[PDB]
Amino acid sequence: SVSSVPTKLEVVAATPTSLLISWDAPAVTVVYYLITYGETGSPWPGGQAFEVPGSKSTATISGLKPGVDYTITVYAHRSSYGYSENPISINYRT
């Protein structure tokens, strides 16, 4: 409702300047993820983005301005090119 890939996502380690995010390793094969982050209410793409390979289940975001509300969103791509699967988002105040 509507369900996403990955299904669950949480911050498992914080410093004031950076975050380690972790998500449930999905059942279906993912070639790669794309991960955005930016101040809650940034437009349009959501802020800075980077790629992580499909085998990985963790990502580290750094260089964050401390005590600031960030939206962090993960997009899973199950083929080389095309539409991502339904993304998952979390908000975190550093």
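In case it trips you up, residue 1 is the first one in the sequence shown, and so on.
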**Message:** Tell me which stretch, 16 to 24 or 76 to 84, has the higher mean Cα B-factor listed in the entry.
**Reply:** 16 to 24
**Request:** Place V52 in the lowest, middle or highest third of its chain's C-alpha B-factors, as listed in the PDB entry.
**Result:** lowest
**Asked** Going by what the PDB entry lists, where does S1 fall on CA B-factor within its chain: lowest, middle or highest third?
**Response** highest
**Message:** Ranking the modelled residues of this chain by C-alpha B-factor as given in the entry, is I61 in the lowest, middle or highest third?
**Reply:** middle
**Complete:** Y32: CA temperature factor from the record, placed by chain third, in the lowest
